[PDB]
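See structure below.
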Amino acid sequence: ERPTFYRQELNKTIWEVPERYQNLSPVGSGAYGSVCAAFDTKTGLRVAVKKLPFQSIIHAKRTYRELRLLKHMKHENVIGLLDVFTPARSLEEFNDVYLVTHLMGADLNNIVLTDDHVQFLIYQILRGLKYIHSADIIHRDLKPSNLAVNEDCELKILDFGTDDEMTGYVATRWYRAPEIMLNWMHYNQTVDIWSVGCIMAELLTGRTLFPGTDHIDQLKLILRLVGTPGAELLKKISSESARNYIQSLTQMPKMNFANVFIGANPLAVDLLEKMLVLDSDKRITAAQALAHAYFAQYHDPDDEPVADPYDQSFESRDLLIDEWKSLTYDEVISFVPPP
Ligand SMILES: Cc1ccccc1-c1n[nH]c2nc(Oc3ccc(F)cc3F)ncc12
């Protein structure tokens, strides 16, 4: 049965939410979008409520995409959907989408740690990533700011699935795999593993691994550590222009990671060497990384679940605004809360 909704001005828009949600207060000061913290009186959970959506074909498809992704994700280490609602009573008046998830304590930026803490945090990221990758979903933009923890350091991944904000000395680009940063090729799931390597290094040292002042400076930072590409990788760079530029660079050998990560657990150094490989074909996978000796005290093959199949055929589909809107409406209406 349809709950009673009440109205409140918050982020200079009128939020209309079910009575169960109380004490709504804006969080993140814009950083997360139009998001409010609230208390869910039905479940006793502190929740984050995001108000989004059908302004164009691209916007409507992106709205559908986000709802589909969030509805699929059912894993301890991945942000999932506690609720989704609209005050609209029919498809015709449907124009707002509200998404509800767990309210976390802080992101990984507001944390950066002992080796034991690093083990635990990276384990959880990899556990969540195994799940996400098993559904053929790539995050594409893993960074400390979309990794959040509660008070008990229990972690969840957020934001899975412009040129200006990627320009210059910016954290938005520091965690990106070189093949995606420079559009070398059609990339794979281990772009996310590169990101984990960058994050893990930063947890260990307290410092950004590749704090490039721009794309090129960052590539140079990367290649100084991992070496310039060999013949085999160059061949895989389908971008003739990008391949051409790479060959202009003075060749450099891979550095000794033990001399870069001075005093770190040798098993951590080993894992970093396996994650921070230039050739994405040869990077360690999430499933493989979980079985690495570094996570011996946390690893449990019976407690690292995979995802149900995820149908993303809609991605190659071209539809009208009202069609994406109708699809989105169906998904809102059919939502079943978690047990
Ligand atoms: C990342 C963080 C840092 C500090 C405090 C709270 C949070 C936080 N907890 N939950 C959060 N959810 C979001 O986005 C949503 C994602 C999916 C939703 F269904 C609803 C959302 F609001 N953004 C920040 C936080």
Side-chain angles (χ1 to χ4, degrees), residues 3 8 10-13 15-18 20-53 59 62-87 96-113 121 124-125 128-129 131-132 135 137 139-161 171-172 175 195 199 202-203 307 310 328-329 331-338:
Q8 183 180 2
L10 281 150
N11 285 144
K12 62 222 288 278
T13 58
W15 285 52
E16 192 165 4
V17 307
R20 73 187 275 184
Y21 303 111
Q22 294 294 320
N23 314 136
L24 274 76
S25 184
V27 286
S29 43
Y32 305 132
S34 203
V35 178
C36 281
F39 180 72
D40 179 14
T41 61
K42 219 93 157 67
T43 61
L45 295 166
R46 294 192 68 186
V47 293
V49 185
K50 181 157 80 164
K51 183 188 181 180
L52 293 181
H59 282 85
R62 189 162 55 238
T63 296
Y64 180 70
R65 181 181 299 115
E66 177 163 20
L67 182 50
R68 287 286 316 276
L69 282 167
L70 289 171
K71 278 186 71 173
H72 193 76
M73 301 289 91
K74 298 174 174 182
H75 183 101
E76 294 186 319
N77 300 303
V78 184
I79 284 293
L81 213 52
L82 288 163
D83 194 18
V84 54
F85 61 82
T86 179
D96 279 328
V97 182
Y98 294 79
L99 305 159
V100 185
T101 197
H102 297 97
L103 182 68
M104 299 310 285
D107 63 39
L108 280 192
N109 284 131
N110 295 96
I111 283 148
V112 195
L113 286 81
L121 292 172
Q124 295 182 85
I125 297 164
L129 278 186
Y131 179 88
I132 293 163
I137 301 161
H139 194 292
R140 288 184 188 83
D141 197 33
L142 214 53
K143 55 192 173 163
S145 64
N146 51 41
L147 300 164
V149 299
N150 63 23
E151 65 286 333
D152 300 327
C153 293
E154 290 167 321
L155 181 145
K156 299 192 194 296
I157 305 161
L158 291 97
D159 293 328
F160 39 85
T172 61
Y175 308 88
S195 303
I199 293 155
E202 189 168 349
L203 295 186
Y310 171 68
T328 304
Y329 187 70
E331 290 290 334
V332 174
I333 294 306
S334 63
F335 177 79
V336 187

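Scope of the values below: all heavy atoms of this structure, side chains included, with no hydrogens, waters or symmetry mates. Nothing fancy with the numbering, it's 1 onward along the sequence. Atoms within a ligand are numbered from 1 in the order they appear, just like the ligands themselves.
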Side-chain H-bond candidate by donor/acceptor type, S334 with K71, under 3.5 Å: yes

Going by the rule ring pair (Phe, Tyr, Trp, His ring centres under 6.0 Å), which residues pair with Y98 if we only count those two or more places apart in sequence or in a different chain? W15, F85

Every pair of nitrogen or oxygen atoms between ligand 1 and the protein that is under 3.5 angstrom apart - can you list them with their distances to 0.1 Å?
unit_1	atom_1	unit_2	atom_2	d
ligand 1	9 (N)	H102	O	3.4
ligand 1	9 (N)	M104	N	2.8
ligand 1	10 (N)	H102	O	2.7

Under a 3.5 Å threshold, yes or no: a donor from one side chain and an acceptor from the other, between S145 and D107? no

Quick one: ring pair (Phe, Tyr, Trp, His ring centres under 6.0 Å) partners of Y175, sequence neighbours excluded? none

Among all residues two or more places apart in sequence or in another chain, which pass the side-chain contact (heavy atoms from CB on, under 4.5 Å) test with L69? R65, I137, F160, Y310

Of all heavy-atom pairs linking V35 and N11, the shortest is N-OD1, 4.0 Å

